[PDB]
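The form deposited in one PDB entry is given below as one chain in structure tokens.
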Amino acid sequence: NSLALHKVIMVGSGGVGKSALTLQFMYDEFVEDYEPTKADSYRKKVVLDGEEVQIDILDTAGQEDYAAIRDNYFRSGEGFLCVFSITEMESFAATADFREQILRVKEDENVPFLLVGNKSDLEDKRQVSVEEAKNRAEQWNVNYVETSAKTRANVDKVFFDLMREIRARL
């Protein structure tokens, strides 16, 4: 009767594509104007490797500045998409902070977690090399996936692969 419920949290600095990724996955639309301060949770039934499950996506928008509350939101999460923009080096640097915040809360270096380099359709504006992102993912023992919320490239992949990590590890 009870479906598996995979609780995903989108994290990353501003403008990297957390909302665009979420809305492409959820509604098959590229949304370019989503209020930067608007957070929202999304729930969808999805057939993961043949098994009907529910995905819950918290699309965080950076507004929770009270550390105890931010930690409470992270504690509820089971897996994390840690998103940066390949076109903004500072957003790649910022991923280290989200990682530390998650590890402090989850107390488990194997917490389901993907490093997501978004905006792969802007290769001509790339500021973060594939090599250096792959090297960071290797240091953290996480997979690195490049996505485009615009073209849909690897959007389903990051959500499904994160659910597969939640399924396997929890």
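Superpose the two forms; the largest set of C-alphas matching within 1.5 Å is the rigid core. Don't overthink the numbering: it's just position in the shown sequence, from 1. Shifts are known only where both forms have a C-alpha.
There is another form of this protein, the form deposited in another entry, and it is not shown here; the text below is about that form.
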To test your reading of the superposition: with the rigid core aligned, which of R104, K125, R43, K38 moves its Cα by 2 angstroms or more between this form and the one not shown? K38
Please determine whether the C-alpha atom of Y27 is displaced by 2 Å or more between this form and the one not shown following superposition on the rigid core. no
Aligned on the rigid core, do the two forms place the Cα of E52 2 Å or more apart, comparing between this form and the one not shown? no
Would you say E138 moves its Cα by 2 Å or more between this form and the one not shown, aligning on the core? no
Tell me whether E64 and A94 end up closer or farther apart in the other entry, going by their C-alpha atoms; the shift is 3 Å or more. closer
Any idea whether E64 and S41 get closer or farther by CA distance in the other entry, knowing it moves 3 angstroms or more? farther
Looking only at residues in both forms, which consecutive runs of at least three have C-alphas displaced 2 Å or more between this form and the one not shown after fitting the rigid core? 37-39, 62-69
